[PDB]
Every structure is written in structure tokens, then in C-alpha cells.
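Note that these values count all heavy atoms, side chains included, but never hydrogens, waters or copies made by symmetry. Numbering of ligands and ligand atoms starts at 1, following listing order. The chain is numbered in sequence order, starting from 1.
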Amino acid sequence: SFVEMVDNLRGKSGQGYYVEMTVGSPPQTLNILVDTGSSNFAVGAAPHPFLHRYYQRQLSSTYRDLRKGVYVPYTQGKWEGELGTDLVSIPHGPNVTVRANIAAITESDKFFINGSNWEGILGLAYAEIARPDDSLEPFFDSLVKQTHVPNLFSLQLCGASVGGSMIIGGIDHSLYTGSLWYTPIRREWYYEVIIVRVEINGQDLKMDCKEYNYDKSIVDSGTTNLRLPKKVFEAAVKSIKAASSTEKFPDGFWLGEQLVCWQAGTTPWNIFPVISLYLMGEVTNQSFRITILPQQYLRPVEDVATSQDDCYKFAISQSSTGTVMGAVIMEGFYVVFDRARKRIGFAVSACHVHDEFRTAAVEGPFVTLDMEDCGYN
Ligand SMILES: COc1cc2cc(n1)NCCCCc1cccc(c1)C[C@@H]([C@H](O)CNCc1cccc(C(C)C)c1)NC2=O
């Protein structure tokens, strides 16, 4: 029955992927961002300039007030609101209805985006990072406890405006090719993983692998970019600059601020290297790698001019809170969040990115010694 969830995600580039949901009785329809990087289910519940619609608790006969406030600070944006519960469904999802916690967003700062088409966020990570504390059961935990939906979901995020699939409760084999390779979930709070090696165009970055996971590495469908710790970012940018030194780019391009453009269909993809991230595997001393093409980390953006020139932004930025494998990394891969077996699987997606001489890949097995030493403490 997973076919009913294929292509249930939509979005705008750089603005997250959302799924349609209903809350309350009678059902109120809202578009909800799917976020594996947090654990709160929250919806706009008061007028806002950028909200087309919002949750009206007064119109729901199943709404229950929890008489408790809540706020969530993300990297840049934040919101605050009122906790409560209500019945929730996913129209293009499993045929079930659950009573879930909902944060009714009453005030926000740089959270909603002008013209985004979504009105809320579904944090799919674990209770340990839920606000106000881990006693607020996340949506997916409520779904698994109250229904027979198996304890796993999978995400197929597709590039170019954009679409994808969130398969709730399983793996849809028509969404990927080749084999699924699994990496352990290190700890159940974020979807934390361990990166054991990094190569750019086949060249090992030759850093202490602890640097790749300082102070954690997570899989986060709610963050656009690949975010890298300071030392790793500097090494990666230095290598990417040298590989593409054929052309010159404004220094603001490398900061993710400015954009670069080329004549329609002349982007010099060949001068940009591939990035290989090696993840800890399931057996002793075994890893696997995922290979990232420049079509993933050069995010296409609309040019505000009359030009019909392909313009892009550098979708790799510096982090001070560890590695973030964001949406641009997940795109072109089918990613299985196998909560039941505490593992995350990667396979080449049915909507993979196309280069002419290169291809995104998930390859294994590799031998990697002392992988346990790569986790930060
Ligand atoms: C830095 O650049 C960033 C940051 C974020 C998003 C993006 N770009 N682009 C995508 C924007 C799409 C929509 C969006 C807006 C606001 C918040 C989020 C999406 C979720 C948040 C994730 O939840 C973050 N996950 C990790 C994290 C970080 C801090 C605190 C917590 C707590 C709440 C658990 C969790 N995304 C971002 O903050």
C-alpha cells in the first residue's frame, strides 16, 4: 500500500519539503515541513503575513489544551506557542488517525518563509531533543504506539519546483536501484551517524576522522546545505577551489551568499569535484561510501535579472555544531530511517542526479580500521 505515499512531498528549492496533513475535527488541511533534524510537531495557529492559513483550535471539537507553553530555537529561526493535542492524519499516507502533541505557534521570528506554501513543521527525530523536554512525545512515536505502522520511514527527496516521497512505515522498492547500505544510529536524539573518511575527487582529506564528527554528525532533511565543522569546511573549500581554479568566483560565492551564473546550459560541471563521505557500516571494520556530485552541492536558484543563465548557490557552509547532512546530500538518495533496527540506509534514488561522465553512488564494502575512534566524546 506504499504506492499511496509515492510523490506525496512537494517544495521550493532551499525552502524544505512538505507533506499534506490534517489536524482537528472537522479536519483542517495544512502543509507541514518534514524535518528529521528536530522532534516537535508545530503549526502556525495565529495570523502571520506569510501564512496562507493556520490551525484554528476553536473550530476543532477534538482539541485539548495542555496548559503549557513551548518554544523551539532552530539554527536561525524560532517560534513560540501553546502545547495541546488533537487528531492528526496524513491524507497521502497510512490510513490511520492518531492523537498527537501539537505546538500551536502564536509568535515566530524568521521561521515562516514568504510564499513557501507550508504552515508547520513535523519533527521526526527522537524525544531527547524535543522541547520543552523529552516528556513531550514526538509525532512519530505517537503514531507507532497508537497504530500498527512499523517503526521506520523512508525519504526520497528529489531535486529539480521539487518533489519527493515520504514512505511512512516501510521501504518502497520502486524508489531506488542497487543495494541499501546501512550505518548505525549512534544515539537516538538527532539521527546521529559517524563519518569515518572523506575524499574529494578521490583524494583523502587526511584529517583525524574525529574532526568529521565534531561535535556530532546528523542526517537532517530540514536543513538545505551540507554543513561542515570549521576545520573540515576550510579543507573542503580549499580542495574544491583548487579543482575549479579554471574559473574565478567571488569570495561571497564560497560563503553561500552570492550566486554564480553561466550561459544557459554551459555550466562547467566537470571542473567541480565529487565528494565521497564514508559512513560506519554494520560489521566490524566495514564502511561504505556515498558520492556527492556538484549538481547536488551547487543549488540552482532563480536569477532576478532578465538573463536566462543557469545560476547557482554554493550549498556547503560552515558549522559550529557538527556535520549536517542536509537536503542537498539526501537528494538523489533513498534514505531509510530504520528506527526499529537503529540504523539509516542509503541507496541510489530513482530520481538520481544525472551527470554525463559521473554518477552519484552508494558503494561498499570498504575496510576501515578503528571506526569507533571517529566518534566525538
Ligand atoms: C543554517 O542554515 C539552515 C538552517 C536550517 C534550515 C536551513 N538552513 N535551510 C532550510 C530552511 C527550510 C525551512 C526551515 C525553516 C526553519 C527551521 C527549519 C526549517 C528546521 C531546522 C532544523 O530543525 C535544524 N536541525 C538541527 C538543529 C539545529 C539547532 C537546534 C535544533 C533543535 C530544535 C533540535 C536542531 N533547520 C534549520 O535551522
Side-chain angles (χ1 to χ4, degrees), residues 9-19 30-44 48 50-51 70-81 83 101 103 105 107-134 136-141 155 157 159 161-162 164 166 187-193 213 215-230 233 255-257 296-297 299-301 313-331 335 337:
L9 304 182
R10 290 291 180 275
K12 295 177 76 164
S13 177
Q15 293 184 25
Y17 294 76
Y18 57 85
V19 64
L30 301 167
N31 287 329
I32 306 298
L33 190 132
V34 300
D35 180 22
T36 66
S38 71
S39 308
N40 280 84
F41 181 37
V43 304
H48 187 278
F50 301 159
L51 283 183
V70 60
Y71 77 86
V72 171
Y74 304 97
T75 300
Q76 301 168 301
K78 61 173 82 71
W79 52 256
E80 68 182 27
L83 286 175
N101 290 308
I105 298 177
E107 208 178 303
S108 62
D109 182 11
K110 297 171 183 177
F111 178 66
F112 301 113
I113 301 173
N114 185 35
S116 81
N117 209 24
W118 52 262
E119 295 86 39
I121 186 167
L122 178 67
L124 293 163
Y126 299 91
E128 189 140 31
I129 61 178
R131 300 311 185 89
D133 66 289
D134 59 43
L136 195 75
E137 178 172 83
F139 173 84
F140 201 83
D141 290 81
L155 287 173
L157 306 183
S161 180
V162 300
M166 171 175 65
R187 177 185 155 201
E188 297 158 305
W189 56 329
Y190 300 93
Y191 288 103
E192 184 187 3
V193 305
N213 311 291
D215 64 333
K216 62 184 178 296
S217 295
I218 72 176
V219 183
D220 184 359
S221 69
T223 295
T224 293
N225 288 6
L226 167 67
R227 296 174 59 71
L228 298 171
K230 186 176 190 298
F233 174 83
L255 293 174
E257 303 169 356
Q296 280 168 265
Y297 66 79
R299 184 171 63 83
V301 298
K313 274 180 180 171
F314 192 54
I316 304 178
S317 34
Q318 173 175 338
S319 172
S320 64
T321 60
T323 293
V324 180
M325 287 165 73
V328 302
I329 297 299
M330 294 176 68
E331 289 174 6
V335 188
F337 294 80

Partner of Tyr18 under side chain to side chain donor-acceptor pair (under 3.5 Å), picked from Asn117, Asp35, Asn31, is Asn117
Nearest 0.5 Å, what's the CD1-CZ distance between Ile218 and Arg227?
-> 9.5 Å
From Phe233 CZ over to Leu226 CG, what is the distance, rounded to the nearest 0.5 angstrom?
-> 9.5 Å
Which residue supplies the protein heavy atom nearest to atom 5 (C) of ligand 1, what is that atom called, and how far is it?
-> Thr223 OG1, 3.7 Å
Got a second to check how far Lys110's NZ is from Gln76's CD, nearest 0.5 Å?
-> 8.0 Å
Identity of the nearest option to atom 36 (N) of ligand 1, non-hydrogen atoms only, from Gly222, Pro73, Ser319, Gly256 | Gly222
Note: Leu33, heavy atoms under 4.0 Å from ligand 1, region reported as side chain
Hey, which atoms in ligand 1 end up nearer than 4.0 Å to a heavy atom of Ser38?
-> 23 (O)
Quick check, are the ring centers of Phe112 and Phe50 under 6.0 angstrom apart?
-> no
Contact (N/O only, under 3.5 Å) between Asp220 and ligand 1 = yes
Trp79 vs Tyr74 aromatic rings, parallel, tilted or perpendicular, using cut-offs 30° and 60°?
-> tilted
Residue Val72 vicinity, atoms of ligand 1 by number, heavy atom under 4.0 Å = 33 (C)
shortest atom 31 (C) of ligand 1-to-protein heavy-atom contact is with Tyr190 OH, 3.9 Å
When you measure from atom 2 (O) of ligand 1 to every protein heavy atom, which one gives the shortest distance, and what is it?
-> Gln76 OE1, 3.7 Å
Which residue from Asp35, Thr75, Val324, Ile218 reaches closest to atom 29 (C) of ligand 1 through any of its heavy atoms?
-> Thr75
Partner residues of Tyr297 under the side-chain contact (heavy atoms from CB on, under 4.5 Å) criterion, sequence neighbours left out = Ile240, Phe272, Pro273, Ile275, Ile292, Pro294, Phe314, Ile316
Who passes salt bridge (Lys or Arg N to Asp or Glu O under 4.0 Å) against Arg10, sequence neighbours left out?
-> none
Which bit of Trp118 gets closer than 4.0 Å to ligand 1, counting heavy atoms only: side chain, backbone, both or neither?
-> side chain
Minimum side-chain heavy-atom gap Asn40-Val70 below 4.5 Å | yes
Which residue and heavy atom of the protein sit nearest atom 15 (C) of ligand 1, plus the separation = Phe111 O, 4.0 Å
Can you pull out the closest protein heavy atom to atom 11 (C) of ligand 1? Residue, atom name and distance to 0.1 Å, please.
-> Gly14 O, 3.9 Å
Between the candidates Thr224, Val328, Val34, which shows the shortest non-hydrogen contact distance to atom 9 (N) of ligand 1?
-> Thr224
Can an N or O of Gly37 be found at a distance shorter than 3.5 Å from an N or O of ligand 1?
-> yes
If you have a sec, work out which protein heavy atom is nearest atom 1 (C) of ligand 1 and how many Å separate them, to one decimal?
-> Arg227 NH1, 3.2 Å
What about the rings of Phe140 and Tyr126, do their centers lie closer together than 6.0 Å?
-> no
